[PDB]
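Asks: Below are the structure tokens for one structure; questions will follow.
Chains as they are written, first to last, in the working numbering: chain X, 5 to 53; chain H, 75 to 122.
Have a look at this one:
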């Protein structure tokens with residue numbers, strides 16, 4: 005069974021494409037379609053009260 | 075019929091004694107046998 009597992013792993017192994025994504029939370033929150041807000045303003049408000 | 079007055083035969087008979095025992099033997103019998111065939115191989119991801 006272990007040999008079968010190793011064989012299937014070797015036959016279906018693949019080198020994957022390695023991608024990077026940078027997500028700025030302020031931009032992501034502002035660009036929301038329906039329920040959006042401003043990160044800095046909301047953070048400052050929630051800190052002051 | 076060439077017997078004695080008492081009826082005993084006057085000639086000795088013969089039988090041509092049966093010809094010995096018989097020896098029986100066995101042998102190994104071999105048949106044509108083949109081998110496996112090969113298929114094209116895959117290309118793994120690792121070096122040799």
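Built from N, CA and C at the ideal position, the CB exists for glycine as well.
Using DSSP with H/G/I as helix, E/B as strand and the rest coil, what is residue 43 (chain X)?
Replies: Residue mapping note: residue 43 (chain X) aligns to position 39 of the first chain, counting from 1. Three-state result, residue 43 (chain X): helix.
Asks: Of all the residues that make up the stretch 10 to 42 of chain X, which are near chain H by a beta-carbon distance shorter than 7 Å?
Replies: 14, 15, 17, 19
Asks: What does DSSP give as the partner residue(s) for residue 6 (chain X) in the beta ladder?
Replies: Sequence index remark: in the first chain, residue 6 (chain X) carries index 2 (1-based). Answer by DSSP bridge pairing: none, since residue 6 (chain X) is not bridged.
Asks: Residue 110 (chain H) CB to nearest chain X CB: under 7 Å?
Replies: By one-based count along the second chain, residue 110 (chain H) stands at place 36. With 7 Å as the cut-off, residue 110 (chain H) does not count as an interface residue toward chain X.
Asks: Quick check: what's the CA-CA separation for residue 8 (chain X) versus residue 117 (chain H)?
Replies: Indexing the first chain from 1 puts residue 8 (chain X) at position 4. Indexing the second chain from 1 puts residue 117 (chain H) at position 43. C-alpha of residue 8 (chain X) to C-alpha of residue 117 (chain H): approximately 17 Å in a straight line.
Asks: Per DSSP, what kind of secondary structure is residue 29 (chain X) in: helix, strand or coil?
Replies: Position 25 of the first chain, counted from the first residue, corresponds to residue 29 (chain X). In this structure, residue 29 (chain X) counts as helix in the three-state DSSP scheme.
Asks: DSSP three-state call for residue 14 (chain X): helix, strand or coil?
Replies: The count along the first chain starts at 1 and reaches residue 14 (chain X) at position 10. Note: residue 14 (chain X) maps to helix in three-state DSSP.
Asks: At a Cβ threshold of 7 Å, is residue 113 (chain H) touching chain X?
Replies: As a working mapping, residue 113 (chain H) is identified with position 39 in the second chain. No, no contact with chain X.
Asks: Within the 7 Å Cβ cut-off, does residue 117 (chain H) reach chain X?
Replies: To locate residue 117 (chain H), count along the second chain from 1; it is residue 43. Not an interface residue.
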